[PDB]
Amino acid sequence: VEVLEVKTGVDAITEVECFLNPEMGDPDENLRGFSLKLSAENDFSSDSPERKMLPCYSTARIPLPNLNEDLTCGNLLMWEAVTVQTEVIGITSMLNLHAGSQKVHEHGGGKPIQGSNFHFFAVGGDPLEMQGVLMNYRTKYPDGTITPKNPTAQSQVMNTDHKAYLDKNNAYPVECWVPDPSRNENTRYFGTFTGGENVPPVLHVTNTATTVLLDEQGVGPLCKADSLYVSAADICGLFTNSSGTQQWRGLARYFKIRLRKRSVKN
């Protein structure tokens, strides 16, 4: 994390940068960035996934410099997030087809990472707000995860009881939660899910691409209590081991966020 006062004064611009690590499970000390091997074919009535098999959302709160020296003034200053540049880091590491992966056929190279993937990021001045949805409401989730409380069959579609803040890194399983479009007035989020056994990962990098965070009235997220929130999930696909077992692979996400000072009423 770096917080840089690029310019000071009324038109002050501060740039925050950070690399958010993925939280795929990390089943042992040497497989950081991967999940535990996937189980299959568990009956809905006895589906008890292991902690390290479940990728979770990544998140961090980044403290910003205090702007208000007199807290009793009629007008106070807040940091306002105006743009974000972001990309997934280490995509070329998937070109290692010599280590660990099942050969595609006899005498062939290793099988590329492929299959279902999810790429998501958010930037806001409050924690990202999430809605819970489950494949199977009777899944017994493991200690260390935070998942929908008292789920019912309705939790497999929409159960409005399942509201949460993404307020803990490596705790909210990606399979249980989505960003909540009925809330998040102070966050911009973006995600794409692509499902399937053989789905090719497609990932772009460039330092020339910027996303604008301003709403239709020209206001970006406002950093409450001088806190900027970054969230991500970048499940790149499934790594298939020589044995045939499969593990999720994730990669870190870079953020560069440009902020300006907005005057608001107390």
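When you see a residue number, it is the position in the sequence shown, counting from 1.
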Legend entry - Higher-scoring stretch by recorded Cα B factor average, 252-260 or 6-14: 6-14
Inset, instruction - Could you settle it for me: does 221-229 or 42-50 have the higher average Cα B factor in the PDB entry? - result: 42-50
Legend entry - Residue selected from 114, 93, 152, 194 by maximal Cα B factor: 152
Legend entry - Maximum C-alpha temperature factor, selected from 133, 97, 84, 76: 76
Inset, instruction - Could you say whether, by C-alpha temperature factor, residue 169 belongs to the lowest, middle or highest third of its chain? - result: middle
Inset, instruction - Would you mind checking where the Cα B-factor of residue 157 ranks among the modelled residues of its chain, as the lowest, middle or highest third? - result: middle
Legend entry - Chain thirds of CA B-factor: placement of residue 187: lowest
Inset, instruction - Divide the modelled residues of the chain into thirds by Cα B-factor and specify which third, lowest, middle or highest, holds residue 214. - result: middle
Legend entry - Among modelled residues of the same chain, the CA temperature factor third for residue 247: lowest
